[PDB]
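Novice: Below you'll find structure_30.cif; it's mmCIF, N, CA and C atoms.
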data_model
loop_
_atom_site.label_atom_id
_atom_site.label_comp_id
_atom_site.auth_asym_id
_atom_site.auth_seq_id
_atom_site.Cartn_x
_atom_site.Cartn_y
_atom_site.Cartn_z
N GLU A 1038 -91.27 26.38 -4.23
CA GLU A 1038 -92.35 25.41 -4.27
C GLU A 1038 -93.20 25.57 -5.52
N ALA A 1039 -93.29 26.79 -6.02
CA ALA A 1039 -94.12 27.08 -7.18
C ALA A 1039 -93.61 26.33 -8.40
N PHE A 1040 -92.32 26.04 -8.40
CA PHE A 1040 -91.67 25.42 -9.55
C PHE A 1040 -91.80 23.90 -9.64
N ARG A 1041 -92.20 23.26 -8.55
CA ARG A 1041 -92.25 21.81 -8.48
C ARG A 1041 -93.24 21.18 -9.45
N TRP A 1042 -94.36 21.86 -9.69
CA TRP A 1042 -95.35 21.43 -10.68
C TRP A 1042 -95.92 22.66 -11.36
N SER A 1043 -96.00 22.62 -12.68
CA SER A 1043 -96.46 23.78 -13.44
C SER A 1043 -97.97 23.92 -13.34
N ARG A 1044 -98.62 22.85 -12.89
CA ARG A 1044 -100.08 22.76 -12.85
C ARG A 1044 -100.67 23.17 -14.20
N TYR A 1045 -100.04 22.69 -15.27
CA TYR A 1045 -100.46 22.93 -16.64
C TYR A 1045 -100.44 24.41 -17.00
N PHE A 1046 -99.84 25.21 -16.14
CA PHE A 1046 -99.82 26.66 -16.29
C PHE A 1046 -101.23 27.23 -16.31
N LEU A 1047 -102.09 26.64 -15.50
CA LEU A 1047 -103.43 27.15 -15.28
C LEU A 1047 -103.55 27.69 -13.85
N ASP A 1048 -104.43 28.67 -13.65
CA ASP A 1048 -104.71 29.22 -12.33
C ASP A 1048 -105.46 28.20 -11.48
N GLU A 1049 -105.35 28.31 -10.16
CA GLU A 1049 -106.03 27.39 -9.24
C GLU A 1049 -107.54 27.29 -9.50
N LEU A 1050 -108.19 28.44 -9.63
CA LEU A 1050 -109.63 28.47 -9.84
C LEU A 1050 -110.03 27.80 -11.13
N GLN A 1051 -109.19 27.95 -12.15
CA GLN A 1051 -109.44 27.29 -13.42
C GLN A 1051 -109.44 25.77 -13.31
N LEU A 1052 -108.55 25.22 -12.49
CA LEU A 1052 -108.55 23.79 -12.23
C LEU A 1052 -109.81 23.37 -11.45
N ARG A 1053 -110.18 24.21 -10.48
CA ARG A 1053 -111.34 23.89 -9.65
C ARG A 1053 -112.59 23.83 -10.50
N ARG A 1054 -112.68 24.75 -11.46
CA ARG A 1054 -113.84 24.81 -12.33
C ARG A 1054 -113.77 23.68 -13.34
N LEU A 1055 -112.54 23.36 -13.72
CA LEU A 1055 -112.30 22.37 -14.75
C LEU A 1055 -112.89 21.06 -14.29
N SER A 1056 -112.81 20.77 -12.99
CA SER A 1056 -113.38 19.50 -12.52
C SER A 1056 -114.90 19.44 -12.74
N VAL A 1057 -115.58 20.54 -12.45
CA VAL A 1057 -117.02 20.62 -12.66
C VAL A 1057 -117.33 20.47 -14.14
N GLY A 1058 -116.47 21.06 -14.96
CA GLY A 1058 -116.70 21.06 -16.39
C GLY A 1058 -116.59 19.64 -16.88
N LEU A 1059 -115.67 18.89 -16.30
CA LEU A 1059 -115.48 17.50 -16.69
C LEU A 1059 -116.71 16.72 -16.30
N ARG A 1060 -117.33 17.12 -15.20
CA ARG A 1060 -118.59 16.50 -14.84
C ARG A 1060 -119.72 16.81 -15.83
N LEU A 1061 -119.65 17.97 -16.48
CA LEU A 1061 -120.67 18.33 -17.46
C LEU A 1061 -120.45 17.55 -18.75
N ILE A 1062 -119.19 17.51 -19.16
CA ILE A 1062 -118.79 17.03 -20.48
C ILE A 1062 -119.06 15.53 -20.64
N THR A 1063 -119.12 14.82 -19.53
CA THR A 1063 -119.38 13.39 -19.57
C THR A 1063 -120.79 13.03 -19.14
N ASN A 1064 -121.63 14.05 -18.98
CA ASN A 1064 -123.02 13.79 -18.66
C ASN A 1064 -123.72 13.16 -19.85
N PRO A 1065 -124.51 12.10 -19.60
CA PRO A 1065 -125.20 11.35 -20.64
C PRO A 1065 -126.14 12.21 -21.48
N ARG A 1066 -126.76 13.21 -20.88
CA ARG A 1066 -127.75 14.03 -21.57
C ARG A 1066 -127.13 14.85 -22.69
N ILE A 1067 -125.88 15.24 -22.48
CA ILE A 1067 -125.11 15.99 -23.48
C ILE A 1067 -124.72 15.10 -24.67
N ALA A 1068 -124.61 13.80 -24.43
CA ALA A 1068 -123.97 12.87 -25.37
C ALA A 1068 -124.90 12.50 -26.51
N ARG A 1069 -125.15 13.48 -27.37
CA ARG A 1069 -126.14 13.34 -28.42
C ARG A 1069 -125.53 13.12 -29.80
N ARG A 1070 -124.27 12.71 -29.83
CA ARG A 1070 -123.66 12.27 -31.08
C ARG A 1070 -123.78 10.76 -31.09
N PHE A 1071 -124.44 10.24 -32.11
CA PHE A 1071 -124.81 8.84 -32.11
C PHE A 1071 -123.99 8.04 -33.12
N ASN A 1072 -123.67 6.80 -32.77
CA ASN A 1072 -122.86 5.96 -33.62
C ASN A 1072 -123.61 4.74 -34.08
N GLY A 1073 -123.73 4.59 -35.39
CA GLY A 1073 -124.25 3.37 -35.96
C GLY A 1073 -125.70 3.49 -36.34
N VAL A 1074 -126.05 2.86 -37.45
CA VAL A 1074 -127.42 2.83 -37.90
C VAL A 1074 -127.76 1.44 -38.36
N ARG A 1075 -129.01 1.06 -38.17
CA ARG A 1075 -129.52 -0.21 -38.66
C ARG A 1075 -130.46 0.02 -39.84
N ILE A 1076 -129.97 -0.31 -41.03
CA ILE A 1076 -130.77 -0.31 -42.24
C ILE A 1076 -131.61 -1.58 -42.25
N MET A 1077 -132.92 -1.39 -42.26
CA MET A 1077 -133.87 -2.49 -42.24
C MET A 1077 -135.16 -1.98 -42.87
N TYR A 1078 -135.77 -2.80 -43.72
CA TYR A 1078 -136.95 -2.37 -44.47
C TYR A 1078 -138.20 -2.71 -43.69
N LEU A 1079 -138.82 -1.69 -43.11
CA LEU A 1079 -139.88 -1.91 -42.13
C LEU A 1079 -140.93 -0.81 -42.21
N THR A 1080 -142.19 -1.17 -42.02
CA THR A 1080 -143.27 -0.19 -42.00
C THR A 1080 -143.15 0.62 -40.72
N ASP A 1081 -143.41 1.93 -40.81
CA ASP A 1081 -143.27 2.80 -39.64
C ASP A 1081 -144.60 3.13 -38.98
N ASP A 1082 -145.37 2.11 -38.64
CA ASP A 1082 -146.55 2.29 -37.81
C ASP A 1082 -146.11 2.66 -36.39
N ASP A 1083 -146.82 3.61 -35.78
CA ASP A 1083 -146.53 4.08 -34.42
C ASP A 1083 -145.05 4.38 -34.16
N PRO A 1084 -144.50 5.39 -34.85
CA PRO A 1084 -143.09 5.72 -34.65
C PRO A 1084 -142.75 6.18 -33.23
N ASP A 1085 -141.57 5.77 -32.77
CA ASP A 1085 -140.96 6.34 -31.57
C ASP A 1085 -139.53 6.61 -31.97
N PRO A 1086 -138.95 7.72 -31.49
CA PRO A 1086 -137.54 7.97 -31.77
C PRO A 1086 -136.65 6.87 -31.22
N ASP A 1087 -137.06 6.30 -30.09
CA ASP A 1087 -136.22 5.36 -29.35
C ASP A 1087 -136.32 3.92 -29.84
N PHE B 1088 -144.34 -18.98 -70.28
CA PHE B 1088 -144.05 -19.27 -68.89
C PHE B 1088 -145.18 -18.85 -67.98
N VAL B 1089 -145.56 -19.74 -67.08
CA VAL B 1089 -146.55 -19.46 -66.05
C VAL B 1089 -145.92 -19.88 -64.76
N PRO B 1090 -145.62 -18.92 -63.88
CA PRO B 1090 -145.00 -19.34 -62.62
C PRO B 1090 -145.92 -20.27 -61.85
N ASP B 1091 -145.36 -21.31 -61.25
CA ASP B 1091 -146.13 -22.20 -60.40
C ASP B 1091 -146.37 -21.47 -59.10
N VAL B 1092 -147.50 -21.74 -58.45
CA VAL B 1092 -147.67 -21.26 -57.09
C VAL B 1092 -146.80 -22.12 -56.15
N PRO B 1093 -146.06 -21.45 -55.27
CA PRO B 1093 -145.14 -22.09 -54.32
C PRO B 1093 -145.87 -22.97 -53.31
N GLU B 1094 -145.15 -23.93 -52.74
CA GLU B 1094 -145.76 -25.01 -51.97
C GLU B 1094 -146.59 -24.55 -50.77
N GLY B 1095 -146.20 -23.45 -50.14
CA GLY B 1095 -146.87 -23.01 -48.92
C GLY B 1095 -148.14 -22.20 -49.09
N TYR B 1096 -148.47 -21.83 -50.32
CA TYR B 1096 -149.55 -20.87 -50.58
C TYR B 1096 -150.95 -21.42 -50.37
N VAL B 1097 -151.88 -20.53 -50.04
CA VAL B 1097 -153.26 -20.91 -49.74
C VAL B 1097 -154.24 -20.23 -50.68
N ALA B 1098 -155.05 -21.04 -51.37
CA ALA B 1098 -156.05 -20.52 -52.29
C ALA B 1098 -157.13 -19.72 -51.58
N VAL B 1099 -157.47 -18.57 -52.15
CA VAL B 1099 -158.50 -17.71 -51.59
C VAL B 1099 -159.26 -17.03 -52.71
N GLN B 1100 -160.54 -17.33 -52.86
CA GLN B 1100 -161.36 -16.64 -53.84
C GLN B 1100 -161.52 -15.20 -53.42
N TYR B 1101 -161.36 -14.26 -54.35
CA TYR B 1101 -161.61 -12.87 -54.02
C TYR B 1101 -163.09 -12.70 -53.77
N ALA B 1102 -163.42 -11.83 -52.84
CA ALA B 1102 -164.79 -11.52 -52.52
C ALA B 1102 -164.72 -10.15 -51.89
N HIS B 1103 -165.78 -9.36 -52.03
CA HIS B 1103 -165.76 -8.03 -51.47
C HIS B 1103 -165.62 -8.11 -49.96
N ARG B 1104 -166.12 -9.20 -49.39
CA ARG B 1104 -166.20 -9.33 -47.94
C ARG B 1104 -164.84 -9.46 -47.27
N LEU B 1105 -163.84 -9.89 -48.03
CA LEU B 1105 -162.51 -10.12 -47.49
C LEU B 1105 -161.78 -8.83 -47.12
N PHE B 1106 -162.16 -7.74 -47.77
CA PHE B 1106 -161.53 -6.45 -47.50
C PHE B 1106 -162.47 -5.47 -46.79
N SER B 1107 -161.91 -4.73 -45.83
CA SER B 1107 -162.69 -3.84 -44.98
C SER B 1107 -161.88 -2.63 -44.55
N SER B 1108 -162.56 -1.57 -44.15
CA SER B 1108 -161.90 -0.49 -43.43
C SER B 1108 -161.61 -0.99 -42.02
N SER B 1109 -160.47 -0.60 -41.45
CA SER B 1109 -160.24 -0.87 -40.03
C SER B 1109 -159.19 0.05 -39.42
N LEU B 1110 -159.31 0.28 -38.11
CA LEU B 1110 -158.30 1.02 -37.38
C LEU B 1110 -157.05 0.18 -37.25
N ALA B 1111 -155.91 0.83 -37.41
CA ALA B 1111 -154.63 0.19 -37.14
C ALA B 1111 -153.58 1.28 -37.03
N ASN B 1112 -153.12 1.53 -35.81
CA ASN B 1112 -152.11 2.55 -35.56
C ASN B 1112 -152.52 3.91 -36.11
N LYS B 1113 -153.68 4.39 -35.67
CA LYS B 1113 -154.18 5.71 -36.08
C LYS B 1113 -154.31 5.87 -37.59
N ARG B 1114 -154.71 4.81 -38.27
CA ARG B 1114 -155.01 4.90 -39.69
C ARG B 1114 -156.17 3.98 -40.02
N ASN B 1115 -156.91 4.32 -41.08
CA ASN B 1115 -158.03 3.49 -41.51
C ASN B 1115 -157.59 2.65 -42.67
N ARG B 1116 -156.79 1.65 -42.35
CA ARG B 1116 -156.21 0.82 -43.37
C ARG B 1116 -157.20 -0.21 -43.94
N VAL B 1117 -157.01 -0.54 -45.22
CA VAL B 1117 -157.79 -1.56 -45.89
C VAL B 1117 -157.35 -2.92 -45.35
N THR B 1118 -157.90 -3.31 -44.21
CA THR B 1118 -157.63 -4.61 -43.63
C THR B 1118 -158.13 -5.75 -44.53
N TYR B 1119 -157.34 -6.81 -44.61
CA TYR B 1119 -157.75 -8.06 -45.26
C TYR B 1119 -157.88 -9.16 -44.20
N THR B 1120 -158.99 -9.90 -44.21
CA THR B 1120 -159.13 -11.03 -43.28
C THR B 1120 -158.97 -12.35 -43.98
N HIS B 1121 -157.97 -13.12 -43.54
CA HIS B 1121 -157.69 -14.42 -44.11
C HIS B 1121 -158.87 -15.33 -43.78
N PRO B 1122 -159.50 -15.92 -44.80
CA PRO B 1122 -160.61 -16.83 -44.53
C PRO B 1122 -160.29 -18.04 -43.64
N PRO B 1123 -159.08 -18.63 -43.73
CA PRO B 1123 -158.85 -19.73 -42.79
C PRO B 1123 -158.68 -19.28 -41.34
N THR B 1124 -157.58 -18.59 -41.05
CA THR B 1124 -157.28 -18.19 -39.68
C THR B 1124 -158.28 -17.19 -39.10
N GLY B 1125 -158.89 -16.38 -39.97
CA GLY B 1125 -159.81 -15.35 -39.54
C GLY B 1125 -159.06 -14.08 -39.17
N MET B 1126 -157.74 -14.16 -39.23
CA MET B 1126 -156.86 -13.07 -38.81
C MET B 1126 -156.99 -11.86 -39.73
N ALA B 1127 -156.98 -10.66 -39.15
CA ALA B 1127 -157.03 -9.42 -39.94
C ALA B 1127 -155.64 -8.82 -40.16
N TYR B 1128 -155.41 -8.32 -41.37
CA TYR B 1128 -154.10 -7.85 -41.79
C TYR B 1128 -154.16 -6.47 -42.43
N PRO B 1129 -154.15 -5.40 -41.61
CA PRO B 1129 -154.25 -4.03 -42.13
C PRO B 1129 -153.16 -3.59 -43.12
N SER B 1130 -151.93 -4.04 -42.91
CA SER B 1130 -150.85 -3.73 -43.83
C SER B 1130 -150.77 -4.78 -44.92
N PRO B 1131 -150.52 -4.35 -46.17
CA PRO B 1131 -150.22 -5.26 -47.29
C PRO B 1131 -148.97 -6.12 -47.03
N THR B 1132 -148.03 -5.58 -46.27
CA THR B 1132 -146.88 -6.34 -45.77
C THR B 1132 -147.25 -7.27 -44.61
N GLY B 1133 -146.61 -8.44 -44.55
CA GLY B 1133 -146.82 -9.35 -43.44
C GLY B 1133 -148.04 -10.25 -43.58
N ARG B 1134 -148.69 -10.20 -44.73
CA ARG B 1134 -149.82 -11.07 -45.02
C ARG B 1134 -149.37 -12.49 -45.36
N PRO B 1135 -150.20 -13.48 -45.02
CA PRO B 1135 -149.93 -14.89 -45.33
C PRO B 1135 -149.87 -15.11 -46.83
N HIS B 1136 -149.05 -16.05 -47.28
CA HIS B 1136 -148.93 -16.34 -48.71
C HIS B 1136 -150.28 -16.77 -49.26
N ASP C 100 -125.03 -18.42 -78.23
CA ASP C 100 -124.00 -18.60 -77.22
C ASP C 100 -123.00 -17.44 -77.21
N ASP C 101 -122.83 -16.79 -78.35
CA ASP C 101 -121.82 -15.73 -78.52
C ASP C 101 -122.21 -14.38 -77.89
N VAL C 102 -121.20 -13.63 -77.48
CA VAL C 102 -121.38 -12.31 -76.88
C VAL C 102 -121.92 -11.30 -77.87
N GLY C 103 -122.89 -10.49 -77.45
CA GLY C 103 -123.45 -9.46 -78.31
C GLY C 103 -122.52 -8.28 -78.51
N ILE C 104 -122.25 -7.92 -79.76
CA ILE C 104 -121.40 -6.77 -80.04
C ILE C 104 -122.19 -5.47 -80.24
N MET C 105 -123.35 -5.57 -80.89
CA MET C 105 -124.20 -4.41 -81.11
C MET C 105 -124.80 -4.02 -79.78
N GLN C 106 -125.21 -2.76 -79.64
CA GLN C 106 -125.85 -2.34 -78.41
C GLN C 106 -127.16 -3.09 -78.29
N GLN C 107 -127.34 -3.84 -77.20
CA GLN C 107 -128.59 -4.57 -76.96
C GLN C 107 -129.72 -3.71 -76.40
N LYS C 108 -130.95 -4.03 -76.78
CA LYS C 108 -132.11 -3.37 -76.20
C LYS C 108 -132.30 -3.84 -74.76
N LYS C 109 -132.66 -2.91 -73.86
CA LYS C 109 -132.74 -3.22 -72.43
C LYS C 109 -134.07 -2.80 -71.82
N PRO C 110 -134.47 -3.47 -70.73
CA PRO C 110 -135.66 -3.08 -69.97
C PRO C 110 -135.49 -1.68 -69.40
N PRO C 111 -136.59 -0.92 -69.29
CA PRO C 111 -136.53 0.44 -68.74
C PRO C 111 -136.03 0.42 -67.30
N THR C 112 -135.23 1.42 -66.93
CA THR C 112 -134.55 1.41 -65.63
C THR C 112 -135.02 2.49 -64.65
N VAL C 113 -136.04 2.17 -63.88
CA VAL C 113 -136.53 3.08 -62.85
C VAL C 113 -135.57 3.09 -61.66
N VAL C 114 -135.10 4.27 -61.29
CA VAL C 114 -134.30 4.42 -60.09
C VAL C 114 -135.16 4.73 -58.86
N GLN C 115 -135.44 3.71 -58.06
CA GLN C 115 -135.99 3.93 -56.73
C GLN C 115 -134.92 4.68 -55.98
N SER C 116 -135.30 5.65 -55.16
CA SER C 116 -134.30 6.38 -54.40
C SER C 116 -134.71 6.39 -52.94
N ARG C 117 -134.43 5.28 -52.26
CA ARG C 117 -134.88 5.10 -50.90
C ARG C 117 -134.21 6.07 -49.93
N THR C 118 -135.00 6.61 -49.02
CA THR C 118 -134.49 7.47 -47.97
C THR C 118 -134.87 6.89 -46.62
N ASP C 119 -134.57 7.64 -45.56
CA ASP C 119 -134.80 7.18 -44.20
C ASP C 119 -136.27 6.86 -43.99
N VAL C 120 -137.12 7.61 -44.68
CA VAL C 120 -138.56 7.49 -44.54
C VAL C 120 -139.24 7.85 -45.85
N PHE C 121 -140.26 7.08 -46.20
CA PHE C 121 -140.96 7.29 -47.46
C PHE C 121 -142.29 6.57 -47.43
N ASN C 122 -143.16 6.91 -48.37
CA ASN C 122 -144.49 6.33 -48.43
C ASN C 122 -144.63 5.43 -49.65
N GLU C 123 -144.44 4.13 -49.48
CA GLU C 123 -144.50 3.22 -50.63
C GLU C 123 -145.91 3.06 -51.19
N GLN C 124 -146.02 3.09 -52.52
CA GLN C 124 -147.29 2.95 -53.21
C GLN C 124 -147.03 2.22 -54.51
N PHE C 125 -147.98 1.39 -54.92
CA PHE C 125 -147.76 0.56 -56.10
C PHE C 125 -148.86 0.72 -57.13
N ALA C 126 -149.64 1.78 -56.99
CA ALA C 126 -150.57 2.17 -58.04
C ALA C 126 -149.74 2.52 -59.27
N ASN C 127 -150.25 2.15 -60.44
CA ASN C 127 -149.52 2.28 -61.71
C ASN C 127 -148.10 1.71 -61.66
N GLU C 128 -147.96 0.54 -61.06
CA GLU C 128 -146.75 -0.26 -61.17
C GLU C 128 -146.69 -0.82 -62.59
N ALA C 129 -145.49 -0.85 -63.17
CA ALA C 129 -145.31 -1.47 -64.48
C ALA C 129 -145.49 -2.98 -64.39
N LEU C 130 -146.05 -3.58 -65.44
CA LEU C 130 -146.21 -5.02 -65.48
C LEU C 130 -145.06 -5.70 -66.23
N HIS C 131 -144.49 -4.98 -67.19
CA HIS C 131 -143.35 -5.46 -67.97
C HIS C 131 -142.15 -5.52 -67.06
N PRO C 132 -141.14 -6.32 -67.45
CA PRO C 132 -139.90 -6.31 -66.67
C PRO C 132 -139.27 -4.93 -66.63
N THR C 133 -138.69 -4.60 -65.49
CA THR C 133 -138.16 -3.27 -65.24
C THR C 133 -136.96 -3.44 -64.33
N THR C 134 -135.92 -2.64 -64.53
CA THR C 134 -134.79 -2.70 -63.61
C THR C 134 -134.85 -1.59 -62.57
N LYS C 135 -135.51 -1.87 -61.45
CA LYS C 135 -135.44 -0.99 -60.31
C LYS C 135 -134.00 -0.99 -59.81
N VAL C 136 -133.49 0.19 -59.49
CA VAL C 136 -132.14 0.31 -58.97
C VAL C 136 -132.14 1.44 -57.97
N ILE C 137 -131.27 1.38 -56.97
CA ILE C 137 -131.39 2.28 -55.83
C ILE C 137 -130.52 3.54 -55.89
N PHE C 138 -129.36 3.45 -56.52
CA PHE C 138 -128.44 4.58 -56.48
C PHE C 138 -128.36 5.26 -57.84
N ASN C 139 -128.18 6.57 -57.83
CA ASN C 139 -128.12 7.34 -59.07
C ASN C 139 -126.84 7.23 -59.90
N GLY C 140 -125.71 6.98 -59.25
CA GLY C 140 -124.43 7.05 -59.94
C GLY C 140 -123.73 5.72 -60.10
N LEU C 141 -124.29 4.85 -60.93
CA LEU C 141 -123.78 3.48 -61.06
C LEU C 141 -122.79 3.26 -62.20
N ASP C 142 -122.36 4.33 -62.87
CA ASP C 142 -121.38 4.21 -63.94
C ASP C 142 -119.97 4.20 -63.36
N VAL C 143 -119.81 3.50 -62.24
CA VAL C 143 -118.60 3.56 -61.42
C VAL C 143 -117.32 2.95 -62.00
N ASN C 144 -117.46 1.97 -62.89
CA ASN C 144 -116.30 1.32 -63.48
C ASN C 144 -115.73 2.14 -64.63
N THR C 145 -115.00 3.18 -64.28
CA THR C 145 -114.53 4.16 -65.25
C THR C 145 -113.22 3.78 -65.93
N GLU C 146 -112.26 3.32 -65.14
CA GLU C 146 -110.89 3.17 -65.62
C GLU C 146 -110.73 1.98 -66.56
N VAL C 147 -110.80 2.24 -67.86
CA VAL C 147 -110.63 1.21 -68.88
C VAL C 147 -109.21 0.68 -68.87
N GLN C 148 -109.05 -0.64 -68.96
CA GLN C 148 -107.72 -1.23 -69.09
C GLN C 148 -107.48 -1.73 -70.51
N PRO C 149 -106.59 -1.05 -71.24
CA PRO C 149 -106.24 -1.46 -72.60
C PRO C 149 -105.58 -2.84 -72.61
#
For the structure just supplied, provide its representation as structure tokens.
Specialist:
Amino acid sequence: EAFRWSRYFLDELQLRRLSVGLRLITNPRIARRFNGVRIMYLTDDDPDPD
Amino acid sequence: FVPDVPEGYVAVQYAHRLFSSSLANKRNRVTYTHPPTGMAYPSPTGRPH
Amino acid sequence: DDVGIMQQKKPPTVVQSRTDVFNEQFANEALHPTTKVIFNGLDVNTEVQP
């Protein structure tokens, strides 16, 4: 039975943890690499990052 | 060459009274008040022609 | 009407170097014509074609 699927040659616990890790890796708060910029000539009164 | 003033522009005699100190976004900007509209314009940008 | 062969005299060329944020000021602005330009390396057309 062990031979039917290699399970990526990872241990059971590693897969179990891997699922949680996948939940971390796709969390919005982590996703701080940003794509795209708007070049526009504007006065910066009352700046907000957002 | 003397550039013509463009069609939309509004004549305004300079006077000391037109310029003032004023608050605008945590700064004491030299506000200008347009004599017609009465509107105050703290930034040099965005002022009426 | 003809193309100038001798090196022509040109207006002084101030390089504005705009960044993400800056404090614009126009005290001691030149009154004479001036070529404001934004990038430092504009000698880009290098490859001469004989």
Novice: For this structure, which residues satisfy the selection - the PyMOL selection byres ((chain A and name CA) within 12 of (chain C and name CA)) - when it is evaluated on the file as given? I want them as a ChimeraX atom specification.
Specialist: /A:1074-1082,1084
Novice: Write the residues of the selection above to a file with N, CA and C atoms, as a PDB file, keeping the file's coordinate frame.
Specialist:
ATOM      1  N   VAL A1074    -126.050   2.860 -37.450  1.00  0.00           N
ATOM      2  CA  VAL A1074    -127.420   2.830 -37.900  1.00  0.00           C
ATOM      3  C   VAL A1074    -127.760   1.440 -38.360  1.00  0.00           C
ATOM      4  N   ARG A1075    -129.010   1.060 -38.170  1.00  0.00           N
ATOM      5  CA  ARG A1075    -129.520  -0.210 -38.660  1.00  0.00           C
ATOM      6  C   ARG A1075    -130.460   0.020 -39.840  1.00  0.00           C
ATOM      7  N   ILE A1076    -129.970  -0.310 -41.030  1.00  0.00           N
ATOM      8  CA  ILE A1076    -130.770  -0.310 -42.240  1.00  0.00           C
ATOM      9  C   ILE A1076    -131.610  -1.580 -42.250  1.00  0.00           C
ATOM     10  N   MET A1077    -132.920  -1.390 -42.260  1.00  0.00           N
ATOM     11  CA  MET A1077    -133.870  -2.490 -42.240  1.00  0.00           C
ATOM     12  C   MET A1077    -135.160  -1.980 -42.870  1.00  0.00           C
ATOM     13  N   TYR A1078    -135.770  -2.800 -43.720  1.00  0.00           N
ATOM     14  CA  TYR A1078    -136.950  -2.370 -44.470  1.00  0.00           C
ATOM     15  C   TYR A1078    -138.200  -2.710 -43.690  1.00  0.00           C
ATOM     16  N   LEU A1079    -138.820  -1.690 -43.110  1.00  0.00           N
ATOM     17  CA  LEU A1079    -139.880  -1.910 -42.130  1.00  0.00           C
ATOM     18  C   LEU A1079    -140.930  -0.810 -42.210  1.00  0.00           C
ATOM     19  N   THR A1080    -142.190  -1.170 -42.020  1.00  0.00           N
ATOM     20  CA  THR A1080    -143.270  -0.190 -42.000  1.00  0.00           C
ATOM     21  C   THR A1080    -143.150   0.620 -40.720  1.00  0.00           C
ATOM     22  N   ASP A1081    -143.410   1.930 -40.810  1.00  0.00           N
ATOM     23  CA  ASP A1081    -143.270   2.800 -39.640  1.00  0.00           C
ATOM     24  C   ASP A1081    -144.600   3.130 -38.980  1.00  0.00           C
ATOM     25  N   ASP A1082    -145.370   2.110 -38.640  1.00  0.00           N
ATOM     26  CA  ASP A1082    -146.550   2.290 -37.810  1.00  0.00           C
ATOM     27  C   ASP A1082    -146.110   2.660 -36.390  1.00  0.00           C
ATOM     28  N   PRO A1084    -144.500   5.390 -34.850  1.00  0.00           N
ATOM     29  CA  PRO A1084    -143.090   5.720 -34.650  1.00  0.00           C
ATOM     30  C   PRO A1084    -142.750   6.180 -33.230  1.00  0.00           C
TER      31      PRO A1084
END
Novice: Evaluating the PyMOL selection byres ((chain B and name CA) within 12 of (chain C and name CA)) on the displayed file yields which residues, as a ChimeraX atom specification?
Specialist: /B:1130-1132
Novice: Report the distance between atom N of residue 111 in chain C and atom C of residue 146 in chain C in Å, rounded to one decimal place.
Specialist: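 Separation between atom N of residue 111 in chain C and atom C of residue 146 in chain C: 26.2 Å.
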Novice: Which is closer to chain A than all the others in B:1103, B:1089, B:1097, B:1133, using only C-alpha atoms?
Specialist: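 Looking at the shortest contact to chain A, the residue is B:1133.
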Novice: Pull out every residue of chain B that has at least one atom within 8 Å of chain A, counting all atoms listed in the file, and report them as number ranges by chain.
Specialist: B: 1111-1113, 1132
Novice: In Å, rounded to a single decimal, give me how far atom C of residue 135 in chain C is from atom C of residue 110 in chain C.
Specialist: 9.7 Å
Novice: Kindly give the distance, in Å, that separates CA of residue 1104 in chain B and CA of residue 126 in chain C, rounded to a single decimal.
Specialist: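 We find that CA of residue 1104 in chain B and CA of residue 126 in chain C lie 21.9 Å from each other.
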Novice: Name every residue that the PyMOL selection byres (((chain C and resi 116 and name CA) around 10) and name CA) selects in this structure, writing the answer as an NGL selection string with chains first and numbers rising.
Specialist: :C and (113-115 or 117-118 or 121 or 135-139)
Novice: Restricting it to N, CA and C atoms, dump the selection as a PDB file, in the coordinates of the input.
Specialist:
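File part.pdb, as written:
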ATOM      1  N   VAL C 113    -136.040   2.170 -63.880  1.00  0.00           N
ATOM      2  CA  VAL C 113    -136.530   3.080 -62.850  1.00  0.00           C
ATOM      3  C   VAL C 113    -135.570   3.090 -61.660  1.00  0.00           C
ATOM      4  N   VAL C 114    -135.100   4.270 -61.290  1.00  0.00           N
ATOM      5  CA  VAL C 114    -134.300   4.420 -60.090  1.00  0.00           C
ATOM      6  C   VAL C 114    -135.160   4.730 -58.860  1.00  0.00           C
ATOM      7  N   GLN C 115    -135.440   3.710 -58.060  1.00  0.00           N
ATOM      8  CA  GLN C 115    -135.990   3.930 -56.730  1.00  0.00           C
ATOM      9  C   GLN C 115    -134.920   4.680 -55.980  1.00  0.00           C
ATOM     10  N   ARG C 117    -134.430   5.280 -52.260  1.00  0.00           N
ATOM     11  CA  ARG C 117    -134.880   5.100 -50.900  1.00  0.00           C
ATOM     12  C   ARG C 117    -134.210   6.070 -49.930  1.00  0.00           C
ATOM     13  N   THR C 118    -135.000   6.610 -49.020  1.00  0.00           N
ATOM     14  CA  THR C 118    -134.490   7.470 -47.970  1.00  0.00           C
ATOM     15  C   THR C 118    -134.870   6.890 -46.620  1.00  0.00           C
ATOM     16  N   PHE C 121    -140.260   7.080 -46.200  1.00  0.00           N
ATOM     17  CA  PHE C 121    -140.960   7.290 -47.460  1.00  0.00           C
ATOM     18  C   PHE C 121    -142.290   6.570 -47.430  1.00  0.00           C
ATOM     19  N   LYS C 135    -135.510  -1.870 -61.450  1.00  0.00           N
ATOM     20  CA  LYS C 135    -135.440  -0.990 -60.310  1.00  0.00           C
ATOM     21  C   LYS C 135    -134.000  -0.990 -59.810  1.00  0.00           C
ATOM     22  N   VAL C 136    -133.490   0.190 -59.490  1.00  0.00           N
ATOM     23  CA  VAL C 136    -132.140   0.310 -58.970  1.00  0.00           C
ATOM     24  C   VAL C 136    -132.140   1.440 -57.970  1.00  0.00           C
ATOM     25  N   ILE C 137    -131.270   1.380 -56.970  1.00  0.00           N
ATOM     26  CA  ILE C 137    -131.390   2.280 -55.830  1.00  0.00           C
ATOM     27  C   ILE C 137    -130.520   3.540 -55.890  1.00  0.00           C
ATOM     28  N   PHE C 138    -129.360   3.450 -56.520  1.00  0.00           N
ATOM     29  CA  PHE C 138    -128.440   4.580 -56.480  1.00  0.00           C
ATOM     30  C   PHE C 138    -128.360   5.260 -57.840  1.00  0.00           C
ATOM     31  N   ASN C 139    -128.180   6.570 -57.830  1.00  0.00           N
ATOM     32  CA  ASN C 139    -128.120   7.340 -59.070  1.00  0.00           C
ATOM     33  C   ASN C 139    -126.840   7.230 -59.900  1.00  0.00           C
TER      34      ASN C 139
END
